[PDB]
Amino acid sequence: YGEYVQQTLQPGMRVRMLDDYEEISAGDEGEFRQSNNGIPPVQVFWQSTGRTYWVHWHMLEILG
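Residues 70 to 133 in this note's numbering are what the sequence shown lists, from first letter to last.
Shown next as structure tokens:
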């Protein structure tokens, strides 16, 4: 699933957290700010923590 999102994640679209993260909730949402091609943690601005954090593609979902 991480492959699928890595391909279709547009610079400025709406993302979703499908698993509980270090400062982010499962069910929390964000925006794609920028990613790394070879490095899987994409930085996305999460509304619950109010900041851009490192999350993995397989736990990154899009419902936007």
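The C-beta atom is built at its ideal place from N, Cα and C for all residues, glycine as well.
* What residues in its chain sit with their C-beta under 8 Å from that of residue 86, if we drop five residues either side in the sequence? -> 93, 94, 95, 96, 97, 98, 99, 115, 124, 128, 129, 130
* What is the rounded straight-line gap between the Cα of residue 112 and the Cα of residue 133? -> 17 Å
* Based on the DSSP secondary-structure assignment, which residues constitute the bridge partners of residue 82? -> Paired residue(s): none; residue 82 is not in a bridge.
* To do: Would you check if the distance between the CB atom of residue 74 and the CB atom of residue 101 is smaller than 7 Å?
  => no
* To do: State the start and end residues of the unbroken beta strand (DSSP E) segment that holds residue 122.
  => 120 to 124
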